[PDB]
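Engineer: need a 3D model of the following:
(one chain, ligands or ions: 2)
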Amino acid sequence: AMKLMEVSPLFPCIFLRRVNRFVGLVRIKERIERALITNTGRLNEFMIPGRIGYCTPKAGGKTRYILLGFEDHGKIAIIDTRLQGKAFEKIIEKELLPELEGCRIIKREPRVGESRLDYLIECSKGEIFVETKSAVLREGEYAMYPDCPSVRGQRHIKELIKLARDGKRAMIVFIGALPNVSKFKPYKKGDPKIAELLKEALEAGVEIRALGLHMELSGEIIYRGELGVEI
Ligand SMILES: [Ca+2]
Ligand SMILES: [Ca+2]
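Structural biologist: Numbers count the residues shown, from 1 in each chain. Ligands and ions are numbered 1, 2, ... in the order given. Next up is the structure itself:
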């Protein structure tokens, strides 16, 4: 394990209810507060009235707090996809993935086919498109994706497959931002098309990685290393 970054300040809160896919209500001390949710998943196991979450302030505009994660086995599971992405960016910056040494992000959200993928990364010998996905659904030692059907994700995997068949470099990285997981697999029930598409991706040449991450109550974000991938 090693430290990537720190989030400050971090406020414990009580999760009250999800208003819609973008917003939740939480209790912070005396106050009921609107908190941004940046994760399109159901997060049914986390979004339970009474559960302890962790928020950070947001300077402007619509909402003043971001719900970053939830208490999970004494640590914090990171649900916020923006934070997960920032953690990934630190991994790239610090060159902590040997295969991506000497590589850096040159474009964020470039258009690819009918969609956009997270990153275009430039290396010494060429470029690589990298899509990162949240994997915070737990089954024992596994982090899983997704927790419900994702058309957005089906599209992304299709564009990755097409890149690889065109002989371009393509990668999907699952961010297993849960403490105490050592492996990754697709949650077939959540989206059987995605599980089928990930198999097709492997065969086509799309590189698949999964990373273990969590946040400590201190705000420190910890990179545990890679998770064992099953597809
Ligand atoms: Ca994206
Ligand atoms: Ca993404």
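
Engineer: measure the residue lying closest to residue 78 once chain neighbours are set aside to residue 39 for me?
Structural biologist: Excluding the flanking residues, the one nearest residue 78 by C-beta to C-beta, 6 or more residues apart in numbering is residue 177, at 3.9 Å. C-betas here are computed from N, CA, C, even on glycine. Separation of residue 177 from residue 39 (C-beta to C-beta, to the nearest Å) stands at 10 Å.

Engineer: then residue 196?
Structural biologist: Distance from residue 196 to residue 39, by C-beta to C-beta: 24 Å.

Engineer: looking at these two, which one has more neighbours?
Structural biologist: With neighbours defined as other C-beta atoms under 10 Å, residue 196 and residue 39 compare such that residue 39 has more, 21 against 14.

Engineer: count the residues that sit near the residue nearest to the more buried one when sequence neighbours are not counted.
Structural biologist: Nearest residue to residue 39, sequence neighbours excluded (C-beta to C-beta, 6+ apart): residue 79, at 4.7 Å. Per other C-beta under 10 Å, the neighbour tally for residue 79 reads 25.

Engineer: do the same with residue 133
Structural biologist: Counted with other C-beta under 10 Å, residues neighbouring residue 133 total 21.

Engineer: so it sits against residue 174, correct?
Structural biologist: Yes. Using C-beta atoms under 8 Å, residue 133 makes contact with residue 174 at a distance of 5.4 Å.

Engineer: shared neighbours of these two, anything?
Structural biologist: By the contact definition C-beta atoms under 8 Å, 6 or more residues apart in numbering, residue 133 and residue 174 are jointly contacted by residue 145.

Engineer: just checking, what packs against the helix or strand where residue 212 lies?
Structural biologist: Per DSSP states H and E: residue 212 is located in strand 207-215. Helices and strands touching strand 207-215, by 3 or more C-beta pairs under 8 Å, 6 or more residues apart in numbering; DSSP states H and E, are strand 65-72, strand 75-78, helix 81-93, strand 169-176, helix 192-204, strand 220-226, strand 228-229.

Engineer: what's across from residue 69 in the sheet?
Structural biologist: residue 54, residue 78 (DSSP bridges).

Engineer: residue contacts, it?
Structural biologist: Residue 69 neighbours (C-beta under 8 Å, 6+ apart): 53, 54, 76, 77, 78, 79, 80, 83, 177, 215.
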